Amino acid sequence: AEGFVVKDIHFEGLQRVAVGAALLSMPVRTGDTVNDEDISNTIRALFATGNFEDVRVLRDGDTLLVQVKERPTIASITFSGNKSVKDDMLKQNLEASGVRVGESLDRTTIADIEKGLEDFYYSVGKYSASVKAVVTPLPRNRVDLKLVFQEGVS
Numbered sequence: 346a347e348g349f350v351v352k353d354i355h356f357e358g359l360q361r362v363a364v365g366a367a368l369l370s371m372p373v374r375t376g377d378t379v380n381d382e383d384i385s386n387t388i389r390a391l392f393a394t395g396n397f398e399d400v401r402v403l404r405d406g407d408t409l410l411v412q413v414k415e416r417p418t419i420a421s422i423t424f425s426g427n428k429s430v431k432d433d434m435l436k437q438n439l440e441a442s443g444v445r446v447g448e449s450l451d452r453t454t455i456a457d458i459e460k461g462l463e464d465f466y467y468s469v470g471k472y473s474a475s476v477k478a479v480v481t482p483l484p485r486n487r488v489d490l491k492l493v494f495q496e497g498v499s
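Heads up: the sequence shown begins at 346 in our numbering, then just goes up one per residue.
Right, here's the structure in full:
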């Protein structure tokens, strides 16, 4: 069910760049007939523009919506409160959970990392620590994120 005439293009992640400016990076326009091939083509175009870390184009009725992933890349993950589990272990643990160095970052998987590391501590020696992941943006289109472990809440 493709090759349909789109009426409007929307962006689920764009706030600085507007859809009119974003349209210039898209091979398709308003009123155009778009296939799933055009969905992948718009994806790869916006991927090749390099401003977004990930590009998803999907349809909703006659509306084409492009959700994009956070511009900054994970540059460094720093750990504070590694009293039980090794920081090197936490590094790969985060990487295997989604947030990996050099990879597109998700602010929404941050909470899952917090809960996961909290659970991991409890699983070892029954260590009760509170984990908070603080994401700090730096002017190089990357983020430095610090993992705060509170030592001894229970």
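Virtual Cβ for every residue (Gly too), placed ideally from N, Cα, C.
The region 426 to 437 touching the region 401 to 412, judged by at least three CB pairs closer than 8 Å
With a cut-off of 8 Å, the region 401 to 412 and the region 426 to 437 do not count as touching, because too few Cβ pairs lie within range.
CB-CB under 8 Å to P372, same chain, minus the five flanking residues each way: which ones, in chain order?
Non-local C-beta neighbours of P372 in its own chain, meaning closer than 8 Å and more than five positions away in sequence, comprise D383, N386, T387 and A390, ordered along the chain.
DSSP three-state label for residue 506, please.
Because the chain here runs from 346 to 499, residue 506 falls outside it and cannot be looked at.
Is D399 helix, strand or coil when you go by DSSP?
The three-state reading of DSSP puts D399 in coil, since its state is none of H, G, I, E or B.
Could you compute how far the alpha carbon of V446 sits from the alpha carbon of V350?
Each residue's alpha carbon lies about 40 Å from the other.
Three-way DSSP call (helix, strand, coil) for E415 in this model
Assignment of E415 by DSSP, reduced to helix, strand and coil, places it in the coil class.
Mind the definition here: the region 475 to 489 touches the region 416 to 424 only if three or more C-beta pairs lie below 8 Å; say whether that holds.
Touching, per the Cβ criterion.
Among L403, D405 and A478, which has the Cα closest to the Cα of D451?
Per the Cα distances, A478.
Between which residues of its own chain and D353 is the CB-CB distance below 6 Å, once the five residues before and five after are set aside?
Counting only Cβ-Cβ distances below 6 Å, and skipping sequence neighbours, we find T408.
Taking a contact to mean a Cβ-Cβ separation below 8 Å, would you say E347 touches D381 in this structure?
A distance below 8 Å separates the beta carbons of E347 and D381.
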